[PDB]
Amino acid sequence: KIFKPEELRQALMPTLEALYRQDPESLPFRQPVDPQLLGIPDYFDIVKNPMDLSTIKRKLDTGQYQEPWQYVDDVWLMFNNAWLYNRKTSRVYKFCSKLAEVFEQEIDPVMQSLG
């Protein structure tokens, strides 16, 4: 069970695109959180391992995932950082929940088809 890079990209890139297509919900997630620009300096205290869609896309494009679960792990790290940091009434928190619902539905048949 060795996965070729283009096998992972062809299967998994569409699931990432489905997250980017969510508007407005993907908007806080398209680039790394920049705490200084956003006025949230406490972010680097609370979020030890940042992740976002641009980083995941670059890792798929450059062959940094060897197995599918490593990609799923990074998507879930992005979601967990956002639920950890943001208040339950906030846009980014509610938007994260939508992205998780979309991702759950996208990734399920994809994982089957990868073996």
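Start at 1 and count along the sequence shown; that's the residue number. What we label the rigid core is the largest C-alpha set whose atoms superpose within 1.5 Å from one form to the other.
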| item | value |
| --- | --- |
| Comparing 37-45 and 63-71 where Cα RMS over structures and residues is taken in 7 other deposited structures of this protein (core fit), larger one | 37-45 |
| Residue stretch of maximal mean CA temperature factor, 80-88 vs 29-37 | 29-37 |
| Of 44-52 and 70-78, the stretch whose C-alpha atoms average the higher B-factor in the entry | 44-52 |
| Third of chain Cα B-factors occupied by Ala11 | highest |
